[PDB]
Structures are given as C-alpha cells and as structure tokens.
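Data first, discussion second: the structure below is written as structure tokens.
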C-alpha cells in the first residue's frame, strides 16, 4: 500500500460505523436514511445529517466496488466545478443553489458532503477521523 492512512475507512470497515464514528459534541447526528440514488445517479448507500455550529451538513456514503463509476457519473451530472481525477482516486468541489458540495472516492468508498455552511470544516473533520485509522 502506498498509504497506510487516508481519508476513507479501511476496506473492511462498516458503512454504518463510518457514519457513527464521525459524531462529536460539535457534530451531532440528527438523521440517517438509506438511499438508492443521489439525484439522478444510482448510488446504494446512506445519507446522514450532522448538526453543526454552521448549520446542518449532509454526508452521503457508498461502500462498494463501483465507487469510481458512481463518482464519475456524479462528476458528469452547477456553474463552477473543480475536479481532481486520478486512476485510483478522485475529488471534486462545486456549488449548487447556495450549497457547497465536495465528493471524493478511493478504494471501495465514495463520500459526498453538502451544505449551505460549514462543508469545508466538516470535510476536514472527516479527513482527520479517517486518517487516524490503519488501512
């Protein structure tokens, strides 16, 4: 492995635990729902809402072998966009009707974070929690 630590859980880790481990006194889980799609893009996963000092932030999570395929469909679906697209990982950031959206994939994980406020701060939190885990 080039990285023993990265911004996603280990490949064996539970999708549910990947959500629940993010909760702190400053990031309070308020909702969890299974999903089949993100808009018009098929994506069998879950979405969680965290209440933060900035307001609610939404985290969409997918675990599986099609993370890249889905992320590419998402990236192809806003006025402005920034995209890093590598063979084995990707990240984009965009804005849609006031909401910041950041979406990334690596290995068997795809995450989307969206919200009116506090998205970058929440993403950094997610990075920090996952980075501590051993791949």
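Numbering (the authors' numbering), first residue to last: -7 to 0, 25 to 93, 97 to 154.
All residues carry an ideal CB built from backbone N, CA and C; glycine is no exception.
Handout entry: Beta carbon of residue 63 nearer than 8 Å to that of residue 49
Key = Yes.
Exercise for the section: Would you kindly report the start and end of the unbroken beta strand (DSSP E) that includes residue 113? Expected result: 108 to 115
Handout entry: Candidates 61, 74, 46 and 44: closest to residue 52 by CA position
Key = 61
Handout entry: C-beta atoms of residue 46 and residue 65 nearer than 8 Å
Key = yes
Problem - Same chain only: Cβ atoms within 7 Å of residue 124, ignoring 5 sequence neighbours per side - result: 83, 84, 87, 108 and 109
Problem - Contacts around residue 95, its chain only, beta-carbon distance under 6 Å, and the 5 residues preceding and following it disregarded - result: In the structure shown, the chain runs from 93 directly to 97, leaving residue 95 without coordinates.
Handout entry: Residue environment, residue 119, which counts as buried when at least 16 other CB atoms sit within 10 Å
Key = buried
Handout entry: Minimum C-alpha distance to residue 44 - residue among 138, 73 and 93
Key = 73
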